[PDB]
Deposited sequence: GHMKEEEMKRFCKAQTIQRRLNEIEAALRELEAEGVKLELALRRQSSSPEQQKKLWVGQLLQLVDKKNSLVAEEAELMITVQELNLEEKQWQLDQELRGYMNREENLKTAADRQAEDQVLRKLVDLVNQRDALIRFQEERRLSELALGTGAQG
């Protein structure tokens, strides 16, 4: 059960990073509000507003977005991290192995394989979406 501790080190680096990301997102939200008002007053012209928004507020918005994207990628790795532990328990139980109950546990194992898979396929289709 040394691997068990390894799962901790992974999980904990991840948790740390999620707190870092929450933090950075707040700092960015704060700056963003400040900037947008600075903007409102600075110029009356509407398309001038547009140019100014492209100037600074936009890059901030994308920094925000890539932060959220990273957050979601991590929250999927978490899902795999626990789907694996489940696959382990059900592996053991199957090893130990009235007649009808075992087929149920085996199919629970298989279903878990497919939830892992469904995660992989899901991020594949996301990738596809943003390429277009």
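- No C-alpha positions are given in the record for the deposited-sequence stretches 1 to 3, 101 to 111, 147 to 153.
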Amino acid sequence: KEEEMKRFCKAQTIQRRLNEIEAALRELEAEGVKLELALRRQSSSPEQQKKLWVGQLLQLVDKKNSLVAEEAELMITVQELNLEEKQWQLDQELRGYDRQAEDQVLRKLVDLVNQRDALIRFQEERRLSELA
From here on, numbers count along this sequence of modelled residues.
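- Here the stretch with the larger average CA B-factor, out of 99 to 107 and 31 to 39, is 99 to 107.
- Averaged over Cα atoms, the B-factor as recorded in the entry is higher for 88 to 96 than for the other of 74 to 82 and 88 to 96.
- In this PDB entry, the Cα temperature factor of residue 9 sits in the top third of its chain's modelled residues, the highest group.
- For residue 66, the recorded CA B-factor ranks within the lowest third of the chain. Only modelled residues enter the ranking.
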